[PDB]
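Participant: Below is the structure I would like to discuss, written out as structure tokens.
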Amino acid sequence: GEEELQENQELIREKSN
């Protein structure tokens with residue numbers, strides 16, 4: 001949903017650290 005595009009910014013990097 002549109003909630004992923006938002007959590008992405010925090011879910012994309014957090015995935016690394």
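Residues in the structure tokens are numbered from 1 in each chain, the chains being A, B, ... in the order shown, and ligands are numbered from 1 in the order shown.
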Select from chain A everything DSSP, run on the backbone, classes as helix (DSSP H, G or I), then give the selection as a ChimeraX atom specification.
Facilitator: /A:2-14
Participant: Emit the selected residues as a PDB file, in the first residue's frame, including N, CA and C atoms.
Facilitator:
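selection23.pdb, written as the output of this step:
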```
ATOM      1  N   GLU A   2       0.295   2.404   0.158  1.00  0.00           N
ATOM      2  CA  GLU A   2       1.103   3.656   0.166  1.00  0.00           C
ATOM      3  C   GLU A   2       1.911   3.735   1.463  1.00  0.00           C
ATOM      4  N   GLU A   3       1.617   2.887   2.411  1.00  0.00           N
ATOM      5  CA  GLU A   3       2.370   2.915   3.697  1.00  0.00           C
ATOM      6  C   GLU A   3       3.768   2.333   3.481  1.00  0.00           C
ATOM      7  N   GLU A   4       3.926   1.494   2.494  1.00  0.00           N
ATOM      8  CA  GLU A   4       5.264   0.893   2.233  1.00  0.00           C
ATOM      9  C   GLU A   4       6.214   1.977   1.712  1.00  0.00           C
ATOM     10  N   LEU A   5       5.777   2.754   0.758  1.00  0.00           N
ATOM     11  CA  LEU A   5       6.655   3.828   0.212  1.00  0.00           C
ATOM     12  C   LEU A   5       7.216   4.662   1.365  1.00  0.00           C
ATOM     13  N   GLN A   6       6.439   4.868   2.393  1.00  0.00           N
ATOM     14  CA  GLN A   6       6.929   5.674   3.546  1.00  0.00           C
ATOM     15  C   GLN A   6       7.868   4.823   4.403  1.00  0.00           C
ATOM     16  N   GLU A   7       7.415   3.684   4.850  1.00  0.00           N
ATOM     17  CA  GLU A   7       8.287   2.816   5.689  1.00  0.00           C
ATOM     18  C   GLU A   7       9.534   2.430   4.896  1.00  0.00           C
ATOM     19  N   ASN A   8       9.477   2.513   3.595  1.00  0.00           N
ATOM     20  CA  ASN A   8      10.664   2.141   2.777  1.00  0.00           C
ATOM     21  C   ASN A   8      11.886   2.924   3.257  1.00  0.00           C
ATOM     22  N   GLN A   9      11.817   4.225   3.221  1.00  0.00           N
ATOM     23  CA  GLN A   9      12.985   5.047   3.645  1.00  0.00           C
ATOM     24  C   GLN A   9      13.574   4.507   4.950  1.00  0.00           C
ATOM     25  N   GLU A  10      12.752   4.147   5.893  1.00  0.00           N
ATOM     26  CA  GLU A  10      13.291   3.627   7.183  1.00  0.00           C
ATOM     27  C   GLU A  10      13.472   2.108   7.101  1.00  0.00           C
ATOM     28  N   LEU A  11      12.718   1.452   6.261  1.00  0.00           N
ATOM     29  CA  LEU A  11      12.837  -0.030   6.149  1.00  0.00           C
ATOM     30  C   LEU A  11      13.960  -0.407   5.174  1.00  0.00           C
ATOM     31  N   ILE A  12      14.318   0.469   4.275  1.00  0.00           N
ATOM     32  CA  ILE A  12      15.390   0.138   3.300  1.00  0.00           C
ATOM     33  C   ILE A  12      16.759   0.201   3.976  1.00  0.00           C
ATOM     34  N   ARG A  13      17.053   1.285   4.634  1.00  0.00           N
ATOM     35  CA  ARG A  13      18.378   1.414   5.302  1.00  0.00           C
ATOM     36  C   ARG A  13      18.434   0.494   6.527  1.00  0.00           C
ATOM     37  N   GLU A  14      17.457   0.567   7.391  1.00  0.00           N
ATOM     38  CA  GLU A  14      17.468  -0.308   8.600  1.00  0.00           C
ATOM     39  C   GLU A  14      17.817  -1.742   8.192  1.00  0.00           C
TER      40      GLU A  14
END
```
